[PDB]
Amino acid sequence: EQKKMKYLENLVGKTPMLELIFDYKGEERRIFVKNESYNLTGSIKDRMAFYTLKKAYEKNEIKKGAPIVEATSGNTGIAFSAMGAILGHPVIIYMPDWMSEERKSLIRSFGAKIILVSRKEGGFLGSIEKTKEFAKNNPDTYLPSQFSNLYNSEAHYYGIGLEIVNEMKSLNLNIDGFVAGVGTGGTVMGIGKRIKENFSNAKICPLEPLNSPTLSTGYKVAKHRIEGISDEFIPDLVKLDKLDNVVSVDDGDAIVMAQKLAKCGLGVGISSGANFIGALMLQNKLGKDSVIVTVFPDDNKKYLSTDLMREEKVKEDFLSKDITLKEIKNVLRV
């Protein structure tokens, strides 16, 4: 069983680190990005689901057969569904009734059971509250509580974090900076802890959609298209008085940016375009030659009837418009 937990680490992590070179009005810059599609269900939330349940078993927090229950329509639902099944747990996912058939289908394909929450019945906030309710009534239940559970960010401190840190040292470079958009805060907290232990002067910045500057303002919640991040509150996991300044990207700018990365061979999700632009924002402010790291949480295959496959009206302040990708200068993997 520690044999099982040991070998299954092999279905996650160890993803490519790419050096991307581009032209930014028009001087040549570069970003380093980890590509997280190279995982069991194609996102970074595989590293997190696996770890959450490995540690959970280690501390008797979950028993064989217990129901795993969470609120998402995104990769967390997917990651937990597939590892739940691998480890033999039932999985229940709670989500807003308005999710697309596309999403529901995927989560469902892994055995997980779908309970839709009306508008009304609380909506997204509803679904979170409905998970807690289920667990009061089924005490058996294991809740990942993805927005507050420390096991999430630890996942990234021990996993993608170590990886990032080493891949960069291996090019004899320091990390001057890291940016990641925040859904749960796990990535930016976990990786950011790890980067700071090795690169004491780096800047760890959390990313928010400029359309919904929840993190930078403390209250504002608005419609945005960057899936995976910036839900309608500040997750407990994320700790702003301990991070550097917040970066903010228009969802339009991001979409476009992800359009361009695909066009140069990297099919990614909208969040990945946001990170990229964020990473350049952070570069603009630390120095044209700083090393900036970010992540590409998933690939484009799920986003195929989203604004990602449509012309975006460009706007004056977008950075995407000034950016031209030249090449992939390097790929590491270890």
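The first residue of the shown sequence is 1; numbering continues from there.
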* Stretch with the higher entry mean CA B-factor, where the candidates are 51-59 and 293-301 -> 51-59
* Structure fact -> Once average C-alpha B-factors are taken from the entry for 222-230 and 116-124, the winner is 116-124
* **Most elevated Cα B-factor in the entry, residues 99, 261, 191, 249** => 99
* Asked: Taking the Cα B-factors listed in the entry, which of 46, 28, 36, 70 comes out highest?
  -> 28
* For residue 185, return the chain-relative third of its C-alpha B-factor as stated in the PDB record: lowest, middle or highest. => lowest
* Structure fact -> residue 141: CA B-factor among chain residues, third -> highest
* Structure fact -> Of the three thirds of the chain ranked by Cα temperature factor, residue 65 occupies the highest
* **Third of the chain, ranked by Cα B-factor, where residue 284 sits** => highest
* Determine, from the deposited record, the chain-internal third of the Cα B-factor for residue 11: lowest, middle or highest. => lowest
